[PDB]
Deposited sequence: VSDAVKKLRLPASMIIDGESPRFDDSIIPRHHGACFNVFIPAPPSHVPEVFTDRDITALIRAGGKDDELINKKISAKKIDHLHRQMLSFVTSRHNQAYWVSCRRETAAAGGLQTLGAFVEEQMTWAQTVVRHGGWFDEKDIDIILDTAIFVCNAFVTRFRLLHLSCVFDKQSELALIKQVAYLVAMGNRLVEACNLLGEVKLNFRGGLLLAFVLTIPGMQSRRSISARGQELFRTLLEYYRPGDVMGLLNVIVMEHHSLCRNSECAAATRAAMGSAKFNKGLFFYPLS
């Protein structure tokens, strides 16, 4: 007797056990210039919020902005979904912060982390399509949407079309809400071109986002499909999509 059910064997590997969560940014500048495990780039929502003035004078400083922006886009062009989910996390948590402090998405003046939201978003979704979406999503109604939101963003501009498409749909299933979080900073940055119902969706996703949510949703989605998907190629593609999580040269922090 035993019962192998009470073991979360579906949870996969575990390199860090769950640990319960309870003025200098040069270490964050130096994290940006190197690839590292995310646990080495990690930081707390409230640590960043304490460091807003200072990290703001860094990301909006003119010196090397051209390099950090190209460098981030270079990583995101070659990174897998672990890199890109890391970038999406960093920018979602950064935005949420600058807003709380009275900032806004004004394309005039450059913010390193923000000036790449749309590039990073395009890159993630383009990599999402490397999955066997058909195997993953299941419900035909959900897969139908997800596949289309991925079609528009991945091919061409068409960001407004994908933002608008999401505003119409109810996002009570994980795959769509994920992609919504991905587009939330492209969404806000495109606020005066999208449907009012989009404008409201992305606004709320932004204010209701907590720093784990994107790497979380991506994790549990991939995790639970592969508790049953015995398919050899679907698993092989899932592995290709998320490459090294240690390929993040442009990333300044991984938020929590």
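Within the chain's deposited sequence, the coordinate-free stretches run 1-21, 44-53, 288 in sequence order.
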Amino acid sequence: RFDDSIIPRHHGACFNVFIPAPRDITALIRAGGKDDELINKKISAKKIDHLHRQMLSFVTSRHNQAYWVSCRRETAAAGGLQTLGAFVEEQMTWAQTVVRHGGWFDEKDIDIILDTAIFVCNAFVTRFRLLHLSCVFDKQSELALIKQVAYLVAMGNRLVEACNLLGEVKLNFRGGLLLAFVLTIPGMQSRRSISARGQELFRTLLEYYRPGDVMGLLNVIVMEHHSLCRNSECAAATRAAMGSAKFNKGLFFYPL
From here on, numbers count along this sequence of modelled residues.
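The question of which stretch, 48-56 or 24-32, has the higher mean Cα B factor is settled in favour of 48-56. Mean CA B-factor, 243-251 versus 12-20: the higher value falls on 12-20. Highest C-alpha temperature factor among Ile112, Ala180, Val136, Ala95 per the entry: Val136. Within the listed group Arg191, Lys41, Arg230, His63, the record reports its top CA B-factor for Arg230. Per the PDB record, residue ranking by Cα B-factor puts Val214 in the middle third of the chain.
The PDB entry assigns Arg129 a C-alpha temperature factor belonging to the middle third of its chain's modelled residues. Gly176 sits in the middle third of its chain by CA B factor, as recorded in the PDB entry. The entry lists a Cα temperature factor for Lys108 that places it in the highest third of the chain's modelled residues. Ranked by C-alpha B-factor against the other modelled residues of its chain, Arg72 falls in the lowest third.
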